[PDB]
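Below, chains carry the letters A, B, ... as their sequence lines are ordered, and counting in each starts from 1.
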Amino acid sequence: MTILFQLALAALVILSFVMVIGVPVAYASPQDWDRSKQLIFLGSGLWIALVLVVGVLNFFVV
Amino acid sequence: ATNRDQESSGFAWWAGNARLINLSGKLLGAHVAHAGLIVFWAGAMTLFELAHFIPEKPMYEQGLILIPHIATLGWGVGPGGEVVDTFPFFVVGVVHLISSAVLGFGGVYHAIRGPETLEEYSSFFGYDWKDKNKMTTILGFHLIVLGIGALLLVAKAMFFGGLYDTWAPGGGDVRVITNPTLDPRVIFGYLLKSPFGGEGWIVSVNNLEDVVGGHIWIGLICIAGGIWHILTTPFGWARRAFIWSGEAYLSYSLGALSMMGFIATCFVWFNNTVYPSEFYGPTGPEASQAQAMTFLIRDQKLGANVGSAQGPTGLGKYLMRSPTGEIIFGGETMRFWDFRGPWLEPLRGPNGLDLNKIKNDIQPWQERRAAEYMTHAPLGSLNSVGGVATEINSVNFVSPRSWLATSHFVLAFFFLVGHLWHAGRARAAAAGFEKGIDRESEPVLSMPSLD
Amino acid sequence: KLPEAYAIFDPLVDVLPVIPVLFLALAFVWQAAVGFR
Amino acid sequence: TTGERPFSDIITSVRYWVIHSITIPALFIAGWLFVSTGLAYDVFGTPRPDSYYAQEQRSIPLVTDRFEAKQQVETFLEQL
Amino acid sequence: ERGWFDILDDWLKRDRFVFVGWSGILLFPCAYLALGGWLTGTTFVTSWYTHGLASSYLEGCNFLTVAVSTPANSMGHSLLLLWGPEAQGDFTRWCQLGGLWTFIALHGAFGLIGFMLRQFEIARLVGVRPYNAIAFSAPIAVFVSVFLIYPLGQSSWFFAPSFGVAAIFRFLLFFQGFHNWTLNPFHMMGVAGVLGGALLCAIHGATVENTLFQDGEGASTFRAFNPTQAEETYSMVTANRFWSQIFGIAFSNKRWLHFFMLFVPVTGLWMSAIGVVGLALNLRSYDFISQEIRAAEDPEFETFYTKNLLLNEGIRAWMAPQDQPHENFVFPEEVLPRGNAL
Amino acid sequence: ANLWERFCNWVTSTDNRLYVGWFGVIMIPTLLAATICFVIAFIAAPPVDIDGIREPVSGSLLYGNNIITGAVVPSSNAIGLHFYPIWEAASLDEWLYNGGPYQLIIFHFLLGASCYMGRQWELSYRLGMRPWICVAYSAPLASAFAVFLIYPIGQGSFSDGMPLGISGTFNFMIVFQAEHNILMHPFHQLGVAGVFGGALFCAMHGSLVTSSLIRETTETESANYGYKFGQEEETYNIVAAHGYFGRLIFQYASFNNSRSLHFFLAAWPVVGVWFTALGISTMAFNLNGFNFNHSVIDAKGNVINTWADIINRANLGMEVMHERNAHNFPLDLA
Amino acid sequence: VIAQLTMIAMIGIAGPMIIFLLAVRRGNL
Amino acid sequence: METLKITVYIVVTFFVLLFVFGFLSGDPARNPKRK
Amino acid sequence: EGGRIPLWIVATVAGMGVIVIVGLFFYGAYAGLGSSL
Ligand code: CLA
Ligand code: CLA
Ligand code: CLA
Ligand code: CLA
Ligand SMILES: CC(C)=CCC/C(C)=C/CC/C(C)=C/CC/C(C)=C/CC/C(C)=C/CC/C(C)=C/CC/C(C)=C/CC/C(C)=C/CC/C(C)=C/CC1=CC(=O)C(C)=C(C)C1=O
Ligand SMILES: CC1=C(/C=C/C(C)=C/C=C/C(C)=C/C=C/C=C(C)/C=C/C=C(C)/C=C/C2=C(C)CCCC2(C)C)C(C)(C)CCC1
Ligand SMILES: CC1=C(/C=C/C(C)=C/C=C/C(C)=C/C=C/C=C(C)/C=C/C=C(C)/C=C/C2=C(C)CCCC2(C)C)C(C)(C)CCC1
Ligand SMILES: CC1=C(/C=C/C(C)=C/C=C/C(C)=C/C=C/C=C(C)/C=C/C=C(C)/C=C/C2=C(C)CCCC2(C)C)C(C)(C)CCC1
Ligand SMILES: CC1=C(/C=C/C(C)=C/C=C/C(C)=C/C=C/C=C(C)/C=C/C=C(C)/C=C/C2=C(C)CCCC2(C)C)C(C)(C)CCC1
Ligand SMILES: CCCCCCCCCCCCO[C@@H]1O[C@H](CO)[C@@H](O[C@H]2O[C@H](CO)[C@@H](O)[C@H](O)[C@H]2O)[C@H](O)[C@H]1O
Ligand SMILES: CCCCCCCCCCCCO[C@@H]1O[C@H](CO)[C@@H](O[C@H]2O[C@H](CO)[C@@H](O)[C@H](O)[C@H]2O)[C@H](O)[C@H]1O
Ligand SMILES: [Cl-]
Ligand SMILES: [Cl-]
Ligand SMILES: [Fe+2]
Ligand SMILES: [Mg+2]
Ligand SMILES: [Mg+2]
């Protein structure tokens, strides 16, 4: 668990950095908006899941 | 550039946010994103504090302002304010930091992607600053929200573990509050107390039953008032008294926040109940009293009769009378005789400090507390060199009470300025002369001469 | 300290508190990019 | 205007940055080395952390004579 | 063929980004050396041999504590030229002896001369009356009285101000302890001219900004002005009524207003310079004799004046040993003035 | 009309020689009271036990002071922050001994000056002016609050308020330096840049406008007769002024826009003074100037003094001497 | 430490990168 | 002293009521332009 | 020549430079000479 946790958290951090750049750029980008809206929904659902994963896994490494 | 330059908006870049006054959608974005910055700081600052925290040093030797707030709510601490469990601090940090991403998301969405104005999309979320009933309704919603917040504090105190009580009999500890003060004579009494010495208005609140009781009252007052504003429109006397514009409502709120800031400054400087000295360090008054207690103890141990010891001026060196007769400590600390704290009260009787009790009953724990507080008085340099201004480098300390008082005086002051700026501006713009005097209708040219 | 499992993230935690200041500074980068119009 | 090229034209040009991406770092590094080699100490006569006092004196080497202050400093320095 | 002098004049007076002029030949080198000497000394040069202090970034000081410090008291008022009889051409020794102090002070003085000559030179070429040069006589009187006359009256350059932030603070506190300079009515007039000047600056800027004519549609009102416009941008009539009703009096003449704005802070600085000429000689407003006679005979008589003198006595005793190291003062703990406990 | 309406029209009339206004109804009585009490006290008050140690300090002219030494002396340290109106004293004699006039004066003055500031907003509204002169006045006002009210609150006593007199002011300044190292505090440093810079720009602006006055008078007349109150045309050539100053420094260092220039003249002193007010109001809670005492140490650990250490020695002298019979214990904690 | 400087460099570039990307792609700045 | 106190309490109350009622008496309307 | 490197980038990069060098000077207040340690 002490790696499946540390990856889940490193995954949450990396995705967060990608969303931090990607979401504003997408929202203010003229074209390519249909492929953006899909990815933003995907990014979002994945970020939420990873938070729940890191949160649950917290209790197996603390 | 829908309003995004000076030519079309009438506002330069440095007044850029004024371009948002009638863009309810983007302005909702601004607000929500901003709420996210606040929540972000709460979350990240807490985690930073926790990462830096050494649980066996006092919080106040470590430059913590947030952990102290969490501990005062009963989380993470036991008798004497000792840290028994850091995990509740970590939870508070993490949950704010995660929530900030959500607020940040909503803010960015509304600011740059969603509809610029909301009135076309929704009559419920759209608003005109001049619609008196819509403005009182939104106000009302926020009142109900604030009411619930106050009742959460009550819920923590009464049903979910209690609050850190510095006054707890036998020594400071977390305690469940079962008998909150509901009598309006006590609760509203605090509001009619003088703000001067020995009184201190609401800053004088000295027991958690009054604190919890006061929030039951505010919770219900705010929920009621909120319902009221949802169901009503301003009366005519209110209509004639106020200016009805976004910039005016901002000004009112700036004035209110300035006031609250000054109050908060005073709260943290003097109050040791809701800002427990175990977590925030001693108050200025406290530490000065604690010095007098320290040398009284020392000198009495060497054989001094502290009651009859006349100081150089003719006033008692250790003990003297207040201007109403009460026995108080001497030296410069005479000014601080309204101070009250759990290490000192056992020595106090109906006439003030009790000489029999001083001579016979001072416990080692009182000597320790007094020495600790004397040596962590809230004095220090901007680079965090603890002590008086002539002190040498050695001790890295500035009290959390000083950081919190100073910051909030600075913010309250500039918020007063903002209140005047925006209130004066709102008045002028409502009347039509905020951009200058009409050269062909200069009002002074139609007035008689003064002489 | 943070709980030991999170220790590798200490350095990141050290920097996060400054991010809000970077938002104010970002407002100026943005405005320079549109010529402070 | 007075005929010189606008600063804004100059500092947004590629030629300016080709020249100055060399000259700026070079000068910085030279200033760094002026200190890191200890040369700054000797040009200006500034004591290093180990040269304010001899090992057992606590008397400052204050100059007390106008016309042989040069020699007093010389002697203060030989006595370290 | 025109003459070489006239040809040089053309070239000196070309309209360029940085005007040069004949004044430029004095100004630029003296200003550049004063400023470069300060940056060099504060970055690299000690004060160990002159004062027994560290004073440069090299030694560990910060922007608040660095300085180019005055020379040792044993130097007297030596010009301390690089090639003079103290340093004898040795740059390193020169630095150690405080040669950069006199370097900065004398090049700074010649540079201020060059700056005010520049003010006259430009005023003449553009066709304006030289009031800006005249106003600049105040900063000159201050620099000359404080950096030059004051130490010339004293034992040595040592007691001039050293060029640094903390060093100047020290100079303030010395003046309180030794000269009781706050008590001096020439200082008091200086304070009134500086605070009165700052008052005029704030009140005049604010008044114009709040009596502007609406000359544009912008809520940001700066654009609604054109430099070549003939008309006043704000209402003098309305400003006058406002202040007449608020404060009881008001300006009504704009030429008088702007003249008064020159007069107040220039006159104040000039008054302060006269007081410092007195202090060069220790000719202080130190005491009120009548106060002293009473207080000496009557041990229950106390005023804020007698209180401040006790503070001065503390400053002198406690600071002199480290601040005046050439005096070799040793003040045993038992002689130091102290109140109770502290 | 009815009596109330007439009264309101008179209170708010734009035609009174001095504006009254609603801020004025509070300002007038409170400033008159502070003034009258101040004048009588300064002339004739007996000595006041400022430090609460039965050592009364003489402030008034009739009791041995002159204009430079005189003061209205702050209220006793035994009082602290307690409210001490006349009716709290057993007699006028007691009230005088304990420094009652100081509290009556400063409370009525701060209330009245606060209303002065509001009255500035108020008249500007009645005249159809822009509203922010009152914002400029908030700077000196804030400063007055700092030394008469906020510093006492922080330190726990009106006896630590600035005294109402010339030498008392210097006393307050010297003790403040001892206890806070104000000179090393960046907000005081901002204050000095504000007032030195306000003076500088005051002289600069006066001199530049004066330099460029349009010739409208003969050599045997003051040039001031060249401007007539209310004339529509500007009385100086700002383009000539800008031509001069732009060459003095360089072109883009000079203002050609009078609105921008005047805003700068307002802002620079107001802001610096807001900072210095906040220096006093934050040192009130003992967050003090920088302390570099013994910051520079040699290879062995010998202390190498800097100019900060020499300031420290001066501060020590002030510290050990001030209020020389009032301290019994070794630290001055307020 | 390399780790703190590296985090602060990456977090500090993110803001200007958002602006640079949008300016390149002629976005709604 | 009790009489001084009552007198000053009445005086202060009077001027405070003037201030409050005065500002409630159509203050936004007392300007030279839009009312 | 020209206007190739946009002014907003120059400003942002040069501003970040200033912050780094000043930040370094603040670091030095707490380590080595002048640190009081
Ligand atoms: C709390 C600070 C704050 C907030 C919340 C806002 C909010 C806003 N401003 Mg103000 N502004 C501020 C500070 C702020 N400003 C400061 C300090 C200045 C002075 C420099 C200004 C000067 C200013 C001007 C001159 C203007 C605004 C305008 C606006 C709005 C439109 C912005 C736009 O078009 O972006 C365009 C920019 C981009 C598309 C670049 C990206 C911007 C995004 C939001 C960056 C987000 C980064 C973040 C890390 C993303 C995390 C995502 C993750 C959670 C998934 C928006 C509501 C405009 C206006 O009102 O429009 C009607 C306008 O003209 N502002
Ligand atoms: C005060 C904050 C606030 C307000 C007034 C609004 C208002 C609006 N939003 Mg934004 N929004 C916000 C914050 C806000 N939003 C946040 C934080 C996010 C990120 C999740 C968003 C993301 C978002 C998107 C992506 C969209 C909107 C849209 C809308 C519109 C339709 C909403 C609706 O009909 O729901 C009706 C009610 C529900 C769907 C049920 C509400 C469920 C919530 C979770 C209950 C609240 C619980 C509790 C009180 C939480 C308080 C949190 C607090 C502690 C911070 C409306 C203009 C839409 C729009 O603009 O149309 C074009 C749209 O597409 N919102
Ligand atoms: C953020 C909270 C908030 C805000 C912005 C408003 C704003 C408003 N309210 Mg609502 N209200 C609220 C909360 C709020 N209210 C709550 C919680 C309740 C429940 C008790 C109410 C119950 C309520 C009623 C019953 C009424 C309003 C009315 C109004 C309007 C006029 C306000 C006014 O003139 O006050 C200014 C105050 C006065 C004119 C009173 C005189 C001034 C005194 C002397 C000031 C004293 C202050 C001083 C500093 C001392 C403080 C301490 C003191 C106890 C000694 C306005 C839209 C009125 C209305 O139009 O209803 C639709 C109205 O009748 N409100
Ligand atoms: C306008 C420019 C200017 C001015 C006014 C000054 C003025 C000064 N300098 Mg600075 N200086 C300058 C530019 C200037 N300098 C430049 C460009 C440099 C870099 C090279 C220096 C480097 C410098 C150093 C390193 C020092 C000074 C010093 C001085 C001081 C003494 C100078 C002296 O005695 O000269 C005497 C010379 C003259 C007055 C020239 C007279 C020429 C007359 C008119 C004709 C006579 C010629 C004669 C016949 C020749 C034959 C002689 C024969 C018998 C052998 C004085 C404050 C010293 C100082 O600051 O000490 C604290 C010092 O150590 N200067
Ligand atoms: C012997 C040898 C070698 C000889 C060679 C000589 C030679 C020919 C040299 C040529 C080469 C050369 C030039 C070398 C340079 C050397 C060098 C770098 C010297 C430097 C000296 C130096 C650094 C001096 C200090 C710099 C300096 C003056 C800075 C000023 C900065 C400053 C605060 C400016 C003020 C700007 C400002 C905000 C002004 C507004 C306030 C104000 C004036 C209000 C009033 C106002 C303004 C108006 O605007 C107008 C309109 C009106 C009405 C008005 O009220
Ligand atoms: C929580 C978290 C996170 C988050 C993040 C964020 C939220 C970020 C943000 C960021 C940002 C938000 C950034 C920004 C930046 C910025 C900058 C860096 C700026 C700068 C600026 C400058 C430098 C300026 C300059 C100038 C100009 C521009 C013009 C004028 C002049 C001057 C010079 C002033 C992450 C992902 C990590 C993950 C983990 C956790
Ligand atoms: C509009 C606008 C603006 C603004 C903006 C803003 C204000 C925004 C905000 C935003 C936000 C407000 C954001 C936030 C974010 C967040 C996040 C992204 C988070 C994350 C988190 C994480 C990732 C975590 C992790 C962890 C854990 C879980 C545990 C412990 C450790 C750690 C911490 C690591 C500006 C000014 C620019 C201008 C233009 C317009
Ligand atoms: C929680 C708590 C508590 C309680 C509290 C309470 C119960 C409170 C209340 C509070 C309140 C109950 C408040 C109130 C306030 C009010 C105000 C702040 C007002 C204001 C007003 C104004 C500002 C007005 C104005 C005007 C005038 C005067 C004239 C005409 C015009 C106008 C309208 C503008 C206690 C202390 C027990 C304890 C601790 C905790
Ligand atoms: C002495 C001498 C001489 C001369 C030399 C020279 C001339 C030099 C110069 C030098 C120089 C010329 C140097 C410079 C330096 C500089 C610096 C070191 C700077 C720094 C800066 C900074 C640090 C900045 C900061 C800031 C500010 C100011 C504001 C804004 C913000 C900030 C914070 C960024 C000769 C050889 C003749 C001879 C012998 C002696
Ligand atoms: C210590 C605080 C005690 C005060 C309590 C406050 C209670 C709040 C309710 C106040 C109700 C009074 O309502 C208000 O009364 C005044 C008094 O004439 C009215 O009267 C007036 O308005 C017009 C409108 O231009 C004026 O020019 C005129 O001189 C005046 O008669 C207001 O138009 C009315 O709206
Ligand atoms: C409209 C207001 C104008 C106010 C004018 C008031 C003058 C009328 C009242 C006269 C009262 C002054 O009375 C005063 O009393 C005490 C006696 O205890 C005297 O005693 C005093 O003597 C000296 C005089 O230099 C003082 O320095 C000293 O501090 C004090 O002991 C005063 O010298 C005397 O002048
Ligand atoms: Cl004491
Ligand atoms: Cl004193
Ligand atoms: Fe002007
Ligand atoms: Mg770490
Ligand atoms: Mg260092």
What residue among B:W269, B:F409, B:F267, B:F414 forms ring pair (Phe, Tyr, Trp, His ring centres under 6.0 Å) with B:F262?
B:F409
Tell me whether the count of non-hydrogen atoms from other residues, nucleotides or ligands lying under 6.0 Å of [atom1] in [X] goes above 12.
X: F:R17; atom1: CZ; answer: yes
X: B:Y252; atom1: OH; answer: yes
X: B:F40; atom1: CZ; answer: yes
X: E:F247; atom1: CZ; answer: no

If the plane angle is over 60° it's perpendicular, under 30° parallel, otherwise tilted; pick one for B:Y275 and B:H69.
perpendicular
Among side-chain atoms of [X] and [Y], is any donor-acceptor pair under 3.5 angstrom?
X: B:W201; Y: B:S194; value: no
X: B:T181; Y: B:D210; value: yes
X: F:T12; Y: F:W22; value: no
X: B:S204; Y: B:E199; value: no

Could you tell me whether B:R439 sits above the aromatic face of E:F213, with NZ or CZ closer than 6.0 angstrom to the six-membered ring centre and within 45 degrees of the axis?
yes
Centroid-centroid under 6.0 Å between H:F14 and H:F19 rings:
no
Tabulate below the donor-acceptor pairs under 3.5 Å that side-chain atoms of residues 114-122 of chain B make, not counting sequence neighbours, or state none.
| residue | atom | partner | partner atom | Å |
| --- | --- | --- | --- | --- |
| B:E116 | OE2 | B:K26 | NZ | 3.1 |
| B:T117 | OG1 | B:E120 | OE1 | 2.6 |
| B:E119 | OE1 | B:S24 | OG | 3.4 |
| B:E119 | OE2 | B:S24 | OG | 2.7 |
| B:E119 | OE2 | B:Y127 | N | 3.0 |
| B:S122 | OG | B:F124 | N | 3.1 |
| B:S122 | OG | B:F125 | N | 3.1 |

Looking at residues at least two apart in the chain, or sitting in another chain, which of them share a ring-ring contact (aromatic ring centres under 6.0 Å, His included) with B:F270?
none
side-chain hydrogen bond (donor to acceptor under 3.5 Å, both in side chains) pairs, two or more places apart, involving residues 416-433 of chain B
B:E247-B:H422, B:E247-B:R425, B:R427-H:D27
Is the shortest side-chain heavy-atom distance between H:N31 and B:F433 below 4.5 Å?
yes
